[PDB]
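*Asks:* Quick one: the structure is below, questions incoming.
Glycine also receives a Cβ, built like all others from the backbone with ideal geometry; neighbour counts cover every protein chain displayed. Where a number appears in this text, it was derived from the coordinates with a stated rule and is not lab data.
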Amino acid sequence: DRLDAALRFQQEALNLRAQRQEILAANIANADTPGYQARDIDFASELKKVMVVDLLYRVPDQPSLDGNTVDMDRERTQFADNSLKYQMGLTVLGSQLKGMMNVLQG
Amino acid sequence: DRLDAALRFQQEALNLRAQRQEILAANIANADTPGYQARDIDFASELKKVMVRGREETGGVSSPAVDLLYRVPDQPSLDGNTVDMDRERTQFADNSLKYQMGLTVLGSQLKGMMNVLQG
Amino acid sequence: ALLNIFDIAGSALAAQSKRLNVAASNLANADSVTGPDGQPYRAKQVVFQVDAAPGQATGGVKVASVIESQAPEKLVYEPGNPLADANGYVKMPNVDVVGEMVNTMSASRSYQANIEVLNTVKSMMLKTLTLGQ
Amino acid sequence: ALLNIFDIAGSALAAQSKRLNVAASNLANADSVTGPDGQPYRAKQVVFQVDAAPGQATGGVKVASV
Amino acid sequence: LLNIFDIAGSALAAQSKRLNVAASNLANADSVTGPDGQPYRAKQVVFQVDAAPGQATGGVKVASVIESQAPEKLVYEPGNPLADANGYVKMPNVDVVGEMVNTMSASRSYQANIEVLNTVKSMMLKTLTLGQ
Amino acid sequence: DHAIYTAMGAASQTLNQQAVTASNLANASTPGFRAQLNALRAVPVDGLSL
Amino acid sequence: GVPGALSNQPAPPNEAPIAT
Amino acid sequence: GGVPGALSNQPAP
Amino acid sequence: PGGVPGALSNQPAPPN
Amino acid sequence: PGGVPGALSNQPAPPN
Amino acid sequence: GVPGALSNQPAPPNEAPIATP
Amino acid sequence: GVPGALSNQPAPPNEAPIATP
Amino acid sequence: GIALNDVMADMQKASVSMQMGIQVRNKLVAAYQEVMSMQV
Amino acid sequence: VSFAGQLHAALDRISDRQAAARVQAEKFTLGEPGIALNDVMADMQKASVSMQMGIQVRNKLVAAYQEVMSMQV
């Protein structure tokens, strides 16, 4: 359907933002697990792949003794950024749907 | 001619409202620029002027032929701008309501005419 | 001529965003000692000008250029740090933290004011589009 | 990825965390006689550089090495 | 209700002026000299009713800014160049508690006036849709 | 909106005065030292209208 | 001039010197 | 231009 | 002629 | 008319 | 490379011995 | 004179003397 | 350039004038057909 | 050149503006540097206003055509 092609990009971006949000929250929740590696996804490459998931390990900053590589500050900033981008995607998708609607209303 | 003349006052007042709001938005944008005197226009005198002699432009960079007057500052500032934010936001809201009033009056007149014509 | 408010407020938003970014960059490097070239970090500030071409009455605002702040470099006596002076006077940036925090707050407030201007202007444009209907 | 302000402030947070970690490790090892190999502990320092991604305009803080 | 806009704007200006005076006074609690060498005398705004064509009720206008007449504080620093023949340097009579309370009350009045103006503007907006 | 700048100036100059006082205190053992006096001058901004 | 009124002449540049 | 905005994507790509 | 907004242009500048 | 608002007026003063 | 980047390899285990092996 | 009501005559000016004279 | 304020106002004015022309012509045509539908 | 040509030009202009705003939004969502959220949001706003203008013009034009076709000959 042509309607899907117009809204495909924003829907895929929104779904990818939700998945990465879940991954970041999993990183936050498992901060205290000894031996847990902080995982993340490269948003742009996966968005290419879906439009046309694989988890990448985060490069550790400080060496802990229990093997936990989760850094609070980095993932807190990433979490806030992902929340903001999810809201922006919701706004853009809603604007596109509302425009398609006011075209029809009459 | 007759219909153009009957709807000309409110149309010109609404255009002058738009230009005054552009000026007020420019004042709000430059509110933190050092060395910017706030500008505003006398709505009534400029409205009568546009009424008697048609609208004109300086060039056409183009701009209206309105007289950009300086607002009297309230209290001094070291940077040297006279944009007092309370005055700016009060004039902005007042101009907003008056523009909506002009839209309402013009729309009412135009319906008041389609009512006659429609049959 | 309500469309020009879009340009005016968009330029104002961009300029305030640039000013906030510069202030945050200065604040985050208050404790820096070295630059990419080895030079000490110099506190930087934007310059605001009226975005009016010759013959234009009133426009928005534009960032002319970014300039190094005029203030003495903060001298620290640490002649043990590998970076030092002839007499061990490490040069640290001249960032005034209170000024940067106040600048950040002011930029945020001006940004929000411009957003309100844009919102009400769009509402008026829609209402004008509903003139006779 | 990150918005510019987010990246700058998050880099600042990470750099301050690294400096605090270095200070804490130094304060812990204030009375250490030997390491794991037989050499004295040496006080660590952290060097802040400006991560000027564009030409001389802005940038957060990075830490080259301890 | 446009006169209400005039009233609210004038009152916002007056309360902002009072807040600015209080902030300047609080900054200069410990100031010892000005440009001319005279002590800083604390400033106070004067409020007056702006009802010139509106009978006895109207907005509030700041008539003037006046130096407070409370006696200047005296500090014994005979080595100070500003010390007189008796060796007393004049320091401002700014009351810290009074200025803090003035700032707080001015802020509250400012917010109340803003809420009044918003309610009046909303009422005008709804009046614009009479009979429809 | 500009009282924030007056208060910020007051706070920054308070920081400067504190720096002067700390520099004076750091030299309590310096032989033959003369302490630096500090004073907050008030600068009245000229202009209109009040 | 009354503050908040309109005048055709700009306000003079204001300065805050430290020493007269 | 020389300065990227605060609300722009990391200049570092 | 504009200038630097905020802290720099609202602090008492040097005489010259 | 009116006088100084706030602290100065709502403080007891010598009669004059 | 940079702390906070993305790599396809898990970091090596974080061992801290008390004596030299 | 019920508080909160409306009266034709203005309220008398209040006074806070420190001494009776 | 021309703003929505002018565009909408002239657009409405043209709609009004066109409606007036249509109504006047309809009246004239109805009168003519009533005259010609006569019986002499 | 003609009325149909002018209407086609207006439709092309509106569609081009909308596509430009959409492309900039997708570029921002992509993570490419230099694209600011301010510009994205303002351009989306402008595109919405232009779409609404086109809708109103279409509505009136259709109303005028219906009025003309209702004329009795």
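*Asks:* Failed condition for residue C:128, given (1) under 30 Å from residue F:7 (Cβ atoms); (2) surrounded by 19 or more Cβ atoms within 10 Å (Cβ to Cβ), with all others met?
*Replies:* Here residue C:128 clears every test but (1).
*Asks:* For residue C:102, which of the numbered conditions (1) touching a helix residue (DSSP H, G or I) at 6+ places or on another chain (Cβ under 7 Å); (2) more than 8 Å from every other protein chain (Cβ to nearest Cβ) fails to hold?
*Replies:* (2)
*Asks:* What tally of residues in the stretch B:19-45 results from selecting those that are touching an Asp or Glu at 6+ places or on another chain (Cβ under 7 Å) and not in a loop (DSSP other than H, G, I, E, B)?
*Replies:* 4
*Asks:* Residue check: is residue N:23 of a type in the set (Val, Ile, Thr) and in a helix (DSSP H, G or I)?
*Replies:* yes
*Asks:* If I filter the stretch C:100-125 down to residues being crowded, with 18+ Cβ neighbours inside 10 Å and of a type in the set (A, V, I, L, M, F, W, C), which single residue comes out as farthest from residue B:92 (Cα to Cα)? Outline the logic, then answer.
*Replies:* Initially, the stretch C:100-125 is screened for residues crowded, with 18+ Cβ neighbours inside 10 Å, giving C:100, C:102-104, C:106-107, C:110-111, C:113-114, C:117-118, C:121-122, C:124-125.
Filter once more, keeping what is of a type in the set (A, V, I, L, M, F, W, C): C:102, C:107, C:113, C:117-118, C:121, C:124-125.
Numbers: C:102: 26, C:107: 20, C:113: 12, C:117: 9, C:118: 12, C:121: 11, C:124: 12, C:125: 15 Å.
In this case the residue turns out to be C:102.
*Asks:* Sort out which residues of the stretch N:23-73 are surrounded by 20 or more Cβ atoms within 10 Å (Cβ to Cβ), β-branched (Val, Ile, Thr) and more than 7 Å from every other protein chain (Cβ to nearest Cβ), and write them in order of number.
*Replies:* N:40
Let's see how each residue does on (1) touching a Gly at 6+ places or on another chain (Cβ under 7 Å); (2) under 27 Å from residue C:110 (Cα atoms); (3) among the hydroxyl-bearing types (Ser, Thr, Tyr):
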residue	(1), (2), (3)
B:3	no, no, no
B:6	no, no, no
B:30	no, yes, no
B:35	yes, yes, no
B:52	no, no, no
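*Asks:* Take the residues of the stretch A:47-106 that are under 16 Å from residue D:17 (Cα atoms) and among the β-branched types (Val, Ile, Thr): which is nearest to the chain's Cα centre (by Cα)?
*Replies:* So the residue we want is A:77.
*Asks:* Take residue A:52 and tell me if it is buried (at least 16 other Cβ atoms within 10 Å of the Cβ), of a type outside the set (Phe, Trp, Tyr) and closer than 22 Å to residue H:13 by Cβ.
*Replies:* On the way: buried (at least 16 other Cβ atoms within 10 Å of the Cβ): no; of a type outside the set (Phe, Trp, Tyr): yes; closer than 22 Å to residue H:13 by Cβ: yes.
Taking the combined requirement at face value, the residue does not satisfy it.
*Asks:* What do you reckon, is residue E:70 out of contact with any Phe, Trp or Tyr (no Cβ under 9 Å at 6 or more places or on another chain), surrounded by fewer than 22 Cβ atoms within 10 Å (Cβ to Cβ) and away from chain F (no Cβ under 14 Å)? Walk me through it before giving the result.
*Replies:* Values: out of contact with any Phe, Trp or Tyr (no Cβ under 9 Å at 6 or more places or on another chain): yes; surrounded by fewer than 22 Cβ atoms within 10 Å (Cβ to Cβ): yes; away from chain F (no Cβ under 14 Å): yes.
Yes: the conditions hold for residue E:70.
*Asks:* Follow-up question, since we're still on this one. What strands (runs of 3 or more DSSP E) completely inside the stretch C:14-95 contain at least 3 residues that are over 27 Å from residue D:43 (Cα atoms) and either small (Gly, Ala, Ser) or in contact with an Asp or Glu (Cβ under 6 Å, 6 or more places away or on another chain) (or both)?
*Replies:* On the way: elements: C:44-51, C:60-68, C:74-77, C:89-92.
Filter on the stretch C:14-95 gives C:60-68.
*Asks:* One residue is enough: does the stretch C:83-99 have a residue meeting the conditions within 7 Å of another protein chain (Cβ to nearest Cβ), surrounded by 19 or more Cβ atoms within 10 Å (Cβ to Cβ) and in contact with a helix residue (DSSP H, G or I) (Cβ under 8 Å, 6 or more places away or on another chain)? Don't jump to the end; show me each part of the working.
*Replies:* Our first condition is that a residue be within 7 Å of another protein chain (Cβ to nearest Cβ); within the stretch C:83-99, this holds for C:96, C:98-99.
From the residues that got through so far, the ones that are surrounded by 19 or more Cβ atoms within 10 Å (Cβ to Cβ) too are C:96, C:99.
Going one step further and asking which of them are in contact with a helix residue (DSSP H, G or I) (Cβ under 8 Å, 6 or more places away or on another chain), we end up with C:96, C:99.
Yes; the residues of the stretch C:83-99 include at least one that is within 7 Å of another protein chain (Cβ to nearest Cβ), surrounded by 19 or more Cβ atoms within 10 Å (Cβ to Cβ) and in contact with a helix residue (DSSP H, G or I) (Cβ under 8 Å, 6 or more places away or on another chain).
*Asks:* Within the group B:61, B:105, B:116, B:66, which residue is surrounded by fewer than 19 Cβ atoms within 10 Å (Cβ to Cβ), more than 14 Å from chain F (Cβ to nearest Cβ) and not in a helix (DSSP H, G or I)? Working first, answer last.
*Replies:* Details: B:105 fails: not in a helix (DSSP H, G or I); B:116 fails: not in a helix (DSSP H, G or I); B:66 fails: surrounded by fewer than 19 Cβ atoms within 10 Å (Cβ to Cβ).
Only one candidate qualifies: B:61.
*Asks:* If we scan the stretch F:41-49, do we find a residue that is out of contact with any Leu (no Cβ under 9 Å at 6 or more places or on another chain), assigned to a loop (DSSP other than H, G, I, E, B) and over 30 Å from residue B:86 (Cβ atoms)?
*Replies:* no
*Asks:* While we're on this one: Conditions: (1) at negative phi; (2) in contact with a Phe, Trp or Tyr (Cβ under 9 Å, 6 or more places away or on another chain). Residue C:88 meets all but one. Number of the miss?
*Replies:* The failed condition is (1).
*Asks:* Under 9 Å between Cβ atoms, which residue pairs at least 6 apart in sequence (or on different chains) link something in the stretch F:6-31 that is more than 15 Å from residue C:96 (Cβ to Cβ) and away from every other protein chain (no Cβ under 12 Å) with a partner that is aliphatic (A, V, I, L, M) and surrounded by 11 or more Cβ atoms within 10 Å (Cβ to Cβ)?
*Replies:* F:24/F:35; F:27/F:35
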